[PDB]
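Right, one structure below, let's go through it.
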2 protein chains.
Amino acid sequence: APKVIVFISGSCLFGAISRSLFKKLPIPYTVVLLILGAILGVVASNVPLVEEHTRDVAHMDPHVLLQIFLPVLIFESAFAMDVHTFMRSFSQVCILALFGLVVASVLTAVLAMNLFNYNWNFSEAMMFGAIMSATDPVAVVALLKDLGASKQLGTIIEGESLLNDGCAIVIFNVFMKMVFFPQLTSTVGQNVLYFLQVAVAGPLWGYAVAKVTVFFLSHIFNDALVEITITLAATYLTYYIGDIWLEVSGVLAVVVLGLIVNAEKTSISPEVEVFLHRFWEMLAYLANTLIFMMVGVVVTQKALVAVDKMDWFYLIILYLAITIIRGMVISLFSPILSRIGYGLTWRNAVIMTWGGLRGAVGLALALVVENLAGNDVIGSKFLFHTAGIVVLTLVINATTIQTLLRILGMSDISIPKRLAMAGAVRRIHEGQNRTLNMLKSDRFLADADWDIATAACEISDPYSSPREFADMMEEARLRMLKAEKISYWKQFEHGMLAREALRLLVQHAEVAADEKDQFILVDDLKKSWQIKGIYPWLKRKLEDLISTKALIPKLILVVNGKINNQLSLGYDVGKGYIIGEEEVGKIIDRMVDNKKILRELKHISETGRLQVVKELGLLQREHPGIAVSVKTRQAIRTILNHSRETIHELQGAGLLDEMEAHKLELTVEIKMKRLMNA
Amino acid sequence: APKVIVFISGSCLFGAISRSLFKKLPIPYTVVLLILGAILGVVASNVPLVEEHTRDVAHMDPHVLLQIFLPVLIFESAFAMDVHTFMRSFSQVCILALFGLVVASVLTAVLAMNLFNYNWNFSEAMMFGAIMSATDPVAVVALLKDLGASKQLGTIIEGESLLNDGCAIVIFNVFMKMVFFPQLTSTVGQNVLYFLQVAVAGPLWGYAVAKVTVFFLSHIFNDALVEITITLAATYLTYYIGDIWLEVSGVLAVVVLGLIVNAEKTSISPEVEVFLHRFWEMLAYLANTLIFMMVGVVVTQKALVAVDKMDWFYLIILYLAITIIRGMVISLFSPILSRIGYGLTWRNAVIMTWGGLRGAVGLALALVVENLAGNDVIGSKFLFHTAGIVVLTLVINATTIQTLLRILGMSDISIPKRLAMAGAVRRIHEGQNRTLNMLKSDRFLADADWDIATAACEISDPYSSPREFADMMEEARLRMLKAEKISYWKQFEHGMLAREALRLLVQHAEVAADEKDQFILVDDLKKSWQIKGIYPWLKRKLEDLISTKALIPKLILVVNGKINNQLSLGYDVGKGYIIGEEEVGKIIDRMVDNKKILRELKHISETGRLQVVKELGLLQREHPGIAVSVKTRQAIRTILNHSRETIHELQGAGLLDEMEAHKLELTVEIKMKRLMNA
């Protein structure tokens, strides 16, 4: 009889109860799970029958704990984030995560050595700093997401969470092998070799397995189970092979694998995409629930017996000091981040300072130190301080982050977004009235009383002079920008443009939304039509190389394919821009009040129109075959989407049965996936 | 380091390879998994490093093998079934599964004792027959749904498979405790009490946990991970508590739990249902892959050293005998099923004899016999014979089942189905012709080569006188039934008809299509009206009872709610018939060639309409609040579906963003879930 399935299933049930019963209370479910784990710990100490069930998950081996629960958490943090906004701000988030984690770790280490009375050397103190500097802010990311703007703040916090967790487990493994398995003694050159091995072979092994698995997923059609199975087995094989068979940092490998698989979303079928997002979220929730329950049980059983009043005072001063250290790190890196084109405002800086909530990664590394220490008190005090900072950060920072967003004035709903939603909900009310009027006149449902119906289906609002000429200009700017975004979504809705091209189009739209007095420019788009880079230089060198020798033309084919795919996306974004300008120029002529600013806005729009058609004419001149190819790809998308609409219409008229409709749907879906991998 | 992870992920990747490479070939992927497991077994027998990774999975404990891999297989078999068509024909699958399994087990036991040279008692031979007679034909069900008609035959075989697996593990567990753990010496009364304990408290404990789980699922809103977690934890907790903490037959508990959760699809949110179906299919696929790879490794490491040519001859004779035994069982129960309202023909009898493929359940029971036996020869012989029966049934029967379908003439395509699908594909062809014309007239794609576009967007068809007065009467019956189906599907997709109402209506369409002369009569609709049964008798007892005293109104609420659900189903099916009859009265008067035949159809249609109106009036006078309750639920459904379509219109028009449309979609889906309980 397995003793682990009762604990795993009971943990799932208790996390379900904690999510259900505290979803309106401001504290998260994780602090409730830690409390329930503590109660389970004292009842395990009292009653031996509960001890026999909690023993085999309380005494989890550290290696199996890492190798099971780190890949799922790290892969869900990689998969869940938008990789496009992550790479659009990769430099700032990379320098922030890497340099901020190493300086926050070294400052927490020197604080631990100078202030804690427990005589720790620099290796154990750096282990402590690596644990305390690993952050998992899912809650701050979600709350910044639902409160409208500062979306780039949410992407920045999520990306620095992912990279911070990765390099924190890297430096944790380095100092753990320094201090707990101290048998290795080596020269300077072997240390350079080991650092090079981890720091370079991590992303390289992740890239290798990611390219292999994306090539495998691109060719698999009409079986979803193989796709989910391939992602799961690829993740666990990447981490296990990298950590054990090699000495490669497997954490960075699963980070890179997750980011690459998230980037090539087109290789996976979309129903499997929706499944994979919810599947890795479920595995995330399972891992967090189990890790928090394990932390509670072992922090009651083996860590609280060495607790002193000086230890509690050290916990309070450690919370204050680690918050101050993270804030100061953001403060010193703020000028260097201001050198980057997206500078941190002081509001976003204090949000990132407060938004660091310690999580299951730090708790798991504390559990590893605790189980590997054994009789030594260092593991117990490690576990106590990590669990205390997790509890304190969850309680204080998660209950005060919404209040701080109100205090900063970042949480206010923008007034035009309020008005558009008010018009939408009034139109929903109007449609409800129309359906009530048509539904009163039926030969059956006329007996149905409309009092309870109107009481049920009501959607309330969740929200509830040259200077004046300049304000009018800013209003016209906002109206033209929102009309352009509306046109881009309309171009998406008919299948005119690709999703990947529409992402770049709305990204240029959001860039123009960031600038106050700058309209949608032409040079920023022109840089996207520009083919210049390292790749055309290598193309010229390969054209010189025309005049492993059999493997060279495969490489020139790969380089040429990358070039023509990039300029195909350029042609698509060009077509989108001119179509959007044409639709806006049709639309906006009837609704601008002032003729002078109407002439001004049409002047800048017409100059942009002439410039984009000039650039597209030059691009079609440069290489006509890939222009013909992107026209054919647009043709295939439009025909197959209208055929999908046709089979849905024939199902709706009922003339075709549902199972043969699914057969035709799978035929057109197989054809669409064949188009997406050309 | 966990060595289970490399074998689990390697088996997952091998199953991915075997499915992707062997979809076109007629042999299943499972025989390729068995052969690759054998190759890995002999490699591990030579090379010690491969043994170091396969030892912890080949020498798995049998109890943990059952407690992990049986709940997922049994729950996926239960959830994958159609509960309506299973319970509509529950008597035949129940009698066939129960009596056929005990008869096949007794006959295979006496066959093992009489044939095999090694001395087995009746208990071990009964264990052998229990392993042999458990069947898992997912291939036959998939092909029979794929090959058009005999949907009812596929539901019969699926239900027989599920109940066969459940009762086979029940008889296997009681004889396993008889042989390998014969510590108990029991009285006749204790034996009667224990038989009552398994065969009664299995489904009862499953029903209790299923009602609690359904009630908890019906109240969790806005969150999906809690629902998926609740289903997974409920399954594993139900099996673990029933098998270990009680002596309850826990396989039937998982059977009843899966059948009830499959019945209450309305309690789960609609996206979670699609996720849960694919999730449990994935888990059963991983379980099948691991079970087959494990049985390959252990049959190469342990069973093949104890084989003989006499054993191979015994295996061939055993395969022929198990096929003959299944034929004799279903042939002797054929008159009893002829007394049941749906009877098996000789074609369906031979497709059910040949279609039984032995699989993962039997292989798991072979694995636990092999592990429980130890050094004795009985476990090795068990493993060899079960592996041989599985590989022979796969290789022979799963490859010959399609040509048996062709020979029996059930694989052919129906002529109205073929004509309707040809009309569907010509509608697709003319629609893509008109979109090619609209795609040729645009100044942007004006240079697009339409030849490759046309050549890539082609969807092929996958199938590819008074006597004459009687013949046109028959074809007019077919056309009228087709138009009734057309109106019923139009009522469903307009949002006015319930899904189970459409299932009953197409059941009525098939009943009227069974005999060509008879129309859709009113008597089945009367049986839908006539609520009278044990529950209205209980309602009369409640009327006696109103004249635990606080719990009594809760009981009358429960019985009244059951009656209200039955009234909702009856009102839905009758409203569907009268609306479809009105629509078909609008329709029929054009395509009928003979005026007297037209009036002949119209008279019986009008009398059916009048009868349904009279019965609806009787129901309206019978119960005051229930008719307006069902009418209000239809009103809420119509206005909420129109609100959903309005929010999709606003999102497509771009006046509402994706995040806000997600918010309002969440609001209206929460409102629909609140409508699900009233």
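All residue numbers given for chain B refer to Swiss-Prot; the residues shown span 74-537, 571-653, 814-944 in order.
Just so it is clear, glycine is given a Cβ too, placed from its N, Cα and C backbone atoms.
As recorded in Swiss-Prot, the features of this protein are as follows:
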REGION    B:163-250  region 'Transport core domain'
REGION    B:383-481  region 'Transport core domain'
REGION    B:575-620  region 'Interacts with the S4 segment of voltage sensor domain'
REGION    B:605-620  region 'Interacts with the transport core domain'
REGION    B:860-919  region 'Interacts with the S4 segment of voltage sensor domain'
TOPO_DOM  B:97-101  topological domain 'Cytoplasmic'
TOPO_DOM  B:120-135  topological domain 'Extracellular'
TOPO_DOM  B:153-162  topological domain 'Cytoplasmic'
TOPO_DOM  B:189-194  topological domain 'Extracellular'
TOPO_DOM  B:250-260  topological domain 'Extracellular'
TOPO_DOM  B:293-296  topological domain 'Cytoplasmic'
TOPO_DOM  B:337-343  topological domain 'Cytoplasmic'
TOPO_DOM  B:378-382  topological domain 'Extracellular'
TOPO_DOM  B:413-418  topological domain 'Cytoplasmic'
TOPO_DOM  B:447-450  topological domain 'Extracellular'
TRANSMEM  B:77-96  transmembrane segment
TRANSMEM  B:102-119  transmembrane segment
TRANSMEM  B:136-152  transmembrane segment
TRANSMEM  B:163-188  transmembrane segment
TRANSMEM  B:195-220  transmembrane segment
TRANSMEM  B:224-249  transmembrane segment
TRANSMEM  B:261-292  transmembrane segment
TRANSMEM  B:297-319  transmembrane segment
TRANSMEM  B:323-336  transmembrane segment
TRANSMEM  B:344-377  transmembrane segment
TRANSMEM  B:383-412  transmembrane segment
TRANSMEM  B:451-481  transmembrane segment
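Here the transmembrane segment (B:163-188) sits against the transmembrane segment (B:383-412); at least 3 CB pairs are under 8 Å, leaving out pairs fewer than 6 apart in sequence.
Within the same chain, residues 224-225, 228-229, 231-232, 235, 332, 335-336, 350, 353-354, 413, 415, 606, 609, 613 sit at least 6 positions outside the topological domain 'Cytoplasmic' (B:153-162) and bring their C-beta atoms closer than 8 Å to a C-beta of that stretch. Using the rule of three or more Cβ pairs under 8 Å, pairs at least 6 apart in sequence, the transmembrane segment (B:77-96) is not in contact with the transmembrane segment (B:297-319). Helix first, then strand, then coil: DSSP counts for the topological domain 'Cytoplasmic' (B:293-296) stand at 0 helix, 0 strand, 4 coil. Against the transmembrane segment (B:344-377), stretch B:102-119 shows more Cβ pairs under 8 Å than any other of B:102-119, B:224-249, B:261-292, B:323-336.
A break of 33 residues separates B:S537 from B:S571 in the model, with a C-alpha distance of 34 angstrom spanning it. Proximity of distant same-chain residues to the transmembrane segment (B:261-292), defined by a Cβ-Cβ separation under 8 Å and at least 6 residues beyond the stretch ends, is recorded for 243, 246-247, 300, 303-304, 307, 310-311, 314-315, 319-330, 332-334, 337, 340-341, 942-943. Residue counts of the topological domain 'Cytoplasmic' (B:413-418) by helix, strand and coil are 0 helix, 0 strand, 6 coil (DSSP-based). When the region 'Transport core domain' (B:383-481) is classified with DSSP, helix, strand and coil residues number 85 helix, 0 strand, 14 coil. Note on the topological domain 'Extracellular' (B:189-194): residues 201, 383, 387, 450-451, 454 of its chain, located 6 or more positions outside it, place their CB under 8 angstroms from a CB of the stretch. Gap in the deposited chain: 160 residues are missing between B:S653 and B:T814, whose Cα atoms are separated by 15 Å. Under 8 Å from some Cβ of the topological domain 'Extracellular' (B:250-260) lie the Cβ atoms of residues 196-197, 200, 267, 445-446, all in the same chain and six or more residues away from its ends. Counting only same-chain residues 6+ beyond the ends of the topological domain 'Cytoplasmic' (B:97-101), those with a CB under 8 A from a CB of the stretch are 212, 467-468, 471-472, 475.
Beyond the ends of the topological domain 'Cytoplasmic' (B:337-343), by six or more residues, the same chain brings 287, 290-291, 297, 300, 304, 349, 935, 939, 942 to within a C-beta distance below 8 angstroms of the stretch. Using a Cβ-Cβ cut-off under 8 Å and counting only residues 6 or more beyond its ends in the same chain, the topological domain 'Extracellular' (B:120-135) has close neighbours at 76-77, 79-81, 113-114, 363, 367, 370-371, 374, 440-441, 444-445. Per DSSP, the secondary structure of the region 'Interacts with the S4 segment of voltage sensor domain' (B:860-919) breaks down as 58 helix, 0 strand, 2 coil.
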